[PDB]
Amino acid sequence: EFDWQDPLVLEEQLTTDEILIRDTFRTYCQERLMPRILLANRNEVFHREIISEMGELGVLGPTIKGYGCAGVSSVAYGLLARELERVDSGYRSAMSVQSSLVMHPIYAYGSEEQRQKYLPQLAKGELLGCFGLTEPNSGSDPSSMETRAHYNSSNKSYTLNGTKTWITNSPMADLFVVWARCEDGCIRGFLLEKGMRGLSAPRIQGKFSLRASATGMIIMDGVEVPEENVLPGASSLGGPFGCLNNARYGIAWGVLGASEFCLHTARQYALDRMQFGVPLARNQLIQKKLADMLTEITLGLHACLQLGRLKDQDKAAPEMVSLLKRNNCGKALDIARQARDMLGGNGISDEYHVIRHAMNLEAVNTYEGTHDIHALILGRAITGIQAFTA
């Protein structure tokens, strides 16, 4: 009565809606996404259509209530990210930015006018957006950003100068959610659109992780922003971090799908591949590995479920997310890597996919807070003493 595909019976913890949503999406991901990943990753191609397609299904910004959004549960959102990442982290990355980094901030910190004007377009996937926070000299430390936004009392607008790097979707984005430090000292959010004079977003080259994802910079040379494009609700790092926490939540779920794909591929390979007469799955060394993968995946899955439920209850704290994001991203990496080692020579061929996952999880464990930064965060909470600086 034991099912290795669901050791602790996650299923009976999901509502019928949640289960329906997952199954529906999984179908799309396997029929439409999986078949285009081999070459999209191999040649760094990002199909812009993927956003329109997901736009149709109504998967973009699923937790938002209204404005053409499904208004589903945090758990469902997690289940979605898991099915997406089960195909490729690059894809899930685009869906994470669109949902938790663009739509969410506009929704939570924007004016109704902005909401009405953008939320529907984003939800349908007619507007590919991006989140501009990181800068060449500001990553783990955002209070060090150099992008300044000056106010023009006369024209009722701000002039932005700065450079954002390592930005997902920037190269082919229509809307840019940028954060700059103001003359008053506060850091606000600005909405920029392709075409604004002074705005350019070149592609980054030489990526060997999340290749099926578009990544570039956001260069602002005296870009002038109207006042109605200023996110009226965020006055400090609390705004971007609020968004970051919703993204990290989805990433915690996501990577588990990636891990699951590795476990399944490794397991099958162990059964089909044979050496020394019997199938690889007959050796003790191979089996212990499969055991460790399943073990870690399971602990992560049920922990994620809990957080999702606590979230919908407005009981989830930032630390809680740091805890699962840090854990799951790290563990996922080891699983991918063990999987790679288990396929032997074949393991280094994208034809077998594991290598693609191992490489993607490399970037995943880095962005949205590095593995160690999330530890200092937990540590500050545990001791009440900060240890980021000296």
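In case it trips you up, residue 1 is the first one in the sequence shown, and so on.
- Higher mean CA B-factor, judged across 176-184 and 123-131 from the recorded values: 176-184.
- When the two stretches 40-48 and 335-343 are set side by side, the higher mean Cα temperature factor goes to 40-48.
- Which of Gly308, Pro142, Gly216, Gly250 has the largest Cα B-factor in the deposited entry comes down to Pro142.
- Going by the entry's values, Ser235 shows the largest Cα B-factor out of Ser235, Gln268, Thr163, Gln284.
- Compared with the other modelled residues of the chain, the Cα B-factor recorded for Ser93 ranks in the middle third.
- When the modelled residues of the chain are ordered by their C-alpha B factor, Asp372 lands in the lowest third.
- Ranked within its chain, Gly189 lands in the middle third, by CA B factor from the PDB record.
- Sorting the modelled residues of the chain by their CA temperature factor places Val87 in the lowest third.
- For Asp221, the recorded CA temperature factor ranks within the highest third of the chain's modelled residues.
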